[PDB]
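First listed ligand is number 1; within each ligand, the first listed atom is number 1. All chains are named by letter (A, B, ...) in the order of the sequence lines, taking the proteins before the strands, and each is independently numbered beginning at 1. Computation of the quantities below employed the complete heavy-atom set of this structure, encompassing side-chain atoms and omitting hydrogens, waters and symmetry-equivalent molecules.
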2 protein chains.
Amino acid sequence: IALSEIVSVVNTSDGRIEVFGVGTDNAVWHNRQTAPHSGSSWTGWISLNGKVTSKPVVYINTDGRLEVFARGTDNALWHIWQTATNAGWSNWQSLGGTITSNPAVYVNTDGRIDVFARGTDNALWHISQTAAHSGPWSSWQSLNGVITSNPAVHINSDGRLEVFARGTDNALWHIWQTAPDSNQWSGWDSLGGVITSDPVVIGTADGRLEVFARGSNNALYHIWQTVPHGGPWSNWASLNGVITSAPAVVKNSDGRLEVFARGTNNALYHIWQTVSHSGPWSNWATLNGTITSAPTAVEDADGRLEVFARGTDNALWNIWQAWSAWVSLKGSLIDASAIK
Amino acid sequence: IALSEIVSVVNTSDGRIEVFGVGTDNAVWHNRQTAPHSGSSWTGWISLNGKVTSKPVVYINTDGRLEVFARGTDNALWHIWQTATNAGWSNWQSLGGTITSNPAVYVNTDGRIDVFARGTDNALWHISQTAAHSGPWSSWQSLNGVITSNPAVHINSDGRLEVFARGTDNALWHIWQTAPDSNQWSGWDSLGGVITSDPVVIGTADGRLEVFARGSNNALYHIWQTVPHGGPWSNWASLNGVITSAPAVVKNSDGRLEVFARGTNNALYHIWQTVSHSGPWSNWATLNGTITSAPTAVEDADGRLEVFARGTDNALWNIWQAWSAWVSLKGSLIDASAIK
Ligand SMILES: OC[C@H]1O[C@@H](O)[C@H](O)[C@@H](O)[C@@H]1O
Ligand SMILES: OC[C@H]1O[C@@H](O)[C@H](O)[C@@H](O)[C@@H]1O
Ligand SMILES: OC[C@H]1O[C@@H](O)[C@H](O)[C@@H](O)[C@@H]1O
Ligand SMILES: OC[C@H]1O[C@@H](O)[C@H](O)[C@@H](O)[C@@H]1O
Ligand SMILES: OC[C@H]1O[C@@H](O)[C@H](O)[C@@H](O)[C@@H]1O
Ligand SMILES: OC[C@H]1O[C@@H](O)[C@H](O)[C@@H](O)[C@@H]1O
Ligand SMILES: OC[C@H]1O[C@@H](O)[C@H](O)[C@@H](O)[C@@H]1O
Ligand SMILES: OC[C@H]1O[C@@H](O)[C@H](O)[C@@H](O)[C@@H]1O
Ligand code: NA
Ligand code: NA
């Protein structure tokens, strides 16, 4: 499994990027832009406390309240939430279970958050809010299978959640809701290939799921739905390169997909659709730097991509689509990924 | 009340703009882009039938299914929906009531559509889906007040719906949910001024509501929340000009607000935030043409603004942010607005 993303990042409901990482104390720390603009100053790192043994994953509830999910020292799923949109936080609360992966998080069309995690049986399990952005939470329920990666989740353009994970054959497997808001899940399907990273999944500007992963030759690969929210899937296509981290994918403000990955020389590299969305891909270009994590990419409130990655000093470094000079957000981050 | 928008327009879940208008037969007709790109060809006009006595208002359910709301010849609220995302349509069904305005439509954080309409008592009434993108619908419920315009609705950045309408004093009044998904609504509040158009409301890139309306001197005015999802509101500010239609507002792909209105010479005019979102406004610029409706503006799948307006030939004409040459979508549209 290629070197993981070190932070979870979201553009908040007031247009400020907030990042969540694990400190040397194994607590979750957050940093937020002071202003909703490219090159904004930052609040600085503020602790949510806790003791996590996974990558923390933030998600924005449909009412704008941020909610962080992370495995605890007891291997239970824990969570903590803003009590008001972009305001104070709750205490950490357990959702129980015994999980063996980072959580994957998305929200159903009914505003109910769905959290996916590998179990001690190596099956995909999930637990959900029973009301929109509200407790109580459901029971833990199994979707079966045997997965050898952290899971990834994205909603289809018809509101059906779809989960991607590596199988015991190192192929990309996936499973989907057969209707929105449903616990009627499909059987597992193999999209084949051999992946040596966690999969990442995004929705194209024309409403198709597209999955990126590193292959056995350390090139970037991708595969996509050929119709909106539907099969068949394309064959695997190489985007080439030699990458030494997990890839991070993001949509430009004009819908062009752009992928960030660490190269052999430990610099940040990127490759993008040219002209328009679902257009022909560029060749790889360097953004330089020296990074000790996978990059994490998000669009800011000015419609510019922002990239975060840990540096050799273990601080979180930022670069944005002007491109800008590398700047440090400081702090000291660790890779707490449940699967490495 | 300044000349109204003639179509309801949405960017569908597969990145194709679809427009809804009233034909000379008083049926609702729709036209959709063949491709999810600027300057795409169109399907041509296809009838949903019905007999409407209001502007038709389309909304995308959280599962991607389009749903159109319009007053019938019996003055009841009627609706029709796609049975699958971007697929076939249902028959028209009545939601009953007796309404005296165009419908205003938004979705709650729980995926429940909320429809607002003036009653025969000139009070603001509403009816909602009781489950996410699903029937049965609620009873009609009154929010009281006396309104002299079509209502406008937008969600706050904390998930609270907020409705704007002109009062008997010709001032801008508003009312809001005190919590998301709630029928706990606030009292009416006056934002003062004198408006001679329907209000239009948008959410800024930094999570604030901003309202645009024509004033007594036929200038464009605007007023905004000074904090995300919160008061106090600004004082009214003039964006000047002399406009002879309702203004239409839209966010650029980079969050810059842009406003479209008909000028004294019947040409399309526009004015925009410069540099970045919540930045200083341009002066008015012409896009020429000769229009016989207010313009309607939406962002396409390429991140470019598209504007629609009826021409002197009663066809719907299109121009986009390249700017492009005016092109005709043909058809023959009427202004069916319930309040003129
Ligand atoms: O108050 C809202 C919060 O309530 C908690 O009980 C739930 O577990 C959270 O998921 C929710 O966001
Ligand atoms: O029914 C829809 C489903 O069809 C399957 O064949 C595809 O592999 C899934 O990605 C899709 O969600
Ligand atoms: O076409 C725009 C593209 O051009 C490149 O020069 C930039 O570095 C990319 O981030 C961008 O997506
Ligand atoms: O629809 C086909 C296109 O989908 C895009 O999102 C992919 O990145 C392209 O490689 C592909 O040609
Ligand atoms: O099937 C979905 C549709 O069902 C109808 O009964 C409801 O009235 C619509 O609002 C809904 O979109
Ligand atoms: O409580 C929030 C509400 O506060 C009021 O003072 C504002 O006028 C409303 O726009 C806002 O939604
Ligand atoms: O800064 C970009 C702006 O420049 C003007 O020339 C265009 O006509 C506007 O549509 C655009 O928003
Ligand atoms: O926050 C203040 C700013 O809000 C913007 O959305 C308005 O268009 C500006 O006129 C105003 O200066
Ligand atoms: Na994340
Ligand atoms: Na509309």
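- Side-chain contact check for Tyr59(A) versus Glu67(A): every heavy-atom pair is 4.5 Å or farther apart.
- When only modelled atom types and interatomic distance are considered, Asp181(A) and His133(B) share a side-chain donor-acceptor pair under 3.5 Å.
- Close approach to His133(A) involves these atoms of ligand 1, each under 4.0 Å from a residue heavy atom: 2 (C), 11 (C), 12 (O).
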Distance-only donor-acceptor hits, side chain of residues 195-205 of chain A, under 3.5 Å, sequence neighbours excluded:
residue	atom	partner	partner atom	Å
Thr196(A)	OG1	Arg214(A)	NE	2.9
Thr196(A)	OG1	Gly215(A)	O	2.7
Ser197(A)	OG	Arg214(A)	N	2.9
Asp198(A)	OD1	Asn150(A)	N	3.1
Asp198(A)	OD2	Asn150(A)	ND2	2.9
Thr204(A)	OG1	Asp206(A)	OD1	2.6
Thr204(A)	OG1	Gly207(A)	N	3.3
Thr204(A)	OG1	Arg208(A)	N	2.9
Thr204(A)	OG1	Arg208(A)	O	3.1

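- Using cut-offs of 30° and 60° on the angle between ring planes, the pair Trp236(A) and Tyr221(A) is perpendicular.
- Applying the 4.0 Å criterion to heavy atoms of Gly135(A) picks out, from ligand 1, the atoms 7 (C).
- At a 3.5 angstrom cut-off on N or O pairs, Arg65(A) counts as close to ligand 1.
- Side-chain contact of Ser253(B) with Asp254(A): a donor-acceptor pair under 3.5 Å is absent, judged by distance alone.
- Shown are the protein N/O/S atoms under 3.0 Å from the Na ion (ligand 9), given by residue and atom: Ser8(A) OG.
- Using modelled atom types and a 3.5 Å distance limit, the side chains of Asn11(B) and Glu18(B) yield no donor-acceptor pair.
- Applying the side chain to side chain contact (heavy atoms under 4.5 Å, CB included) criterion to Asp14(B), with sequence neighbours excluded, gives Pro228(A), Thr12(B), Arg16(B), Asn86(B).
- Side chains of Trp176(A) and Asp189(A) form a contact here, defined as non-hydrogen atoms less than 4.5 Å apart.
- The side-chain heavy atoms of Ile127(A) and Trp125(A), taken from C-beta on, include no pair separated by under 4.5 Å.
- Considering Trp272(A), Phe212(A), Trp323(A), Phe308(A) in turn, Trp323(A) is the only one that fulfils the ring-ring contact (aromatic ring centres under 6.0 Å, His included) rule with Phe260(A).
- Looking only at atom types and distance, the side chain of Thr85(A) has no donor-acceptor partner in the side chain of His229(B) under 3.5 Å away.
- For ligand 2, residues of the protein lying within 4.0 angstrom by heavy-atom distance are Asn156(A), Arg160(A), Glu162(A), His174(A), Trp176(A), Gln225(A), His229(A), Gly231(A), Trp233(A).
- Near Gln93(A), with a cut-off below 4.0 Å to any heavy atom, the atoms of ligand 1 are 8 (O).
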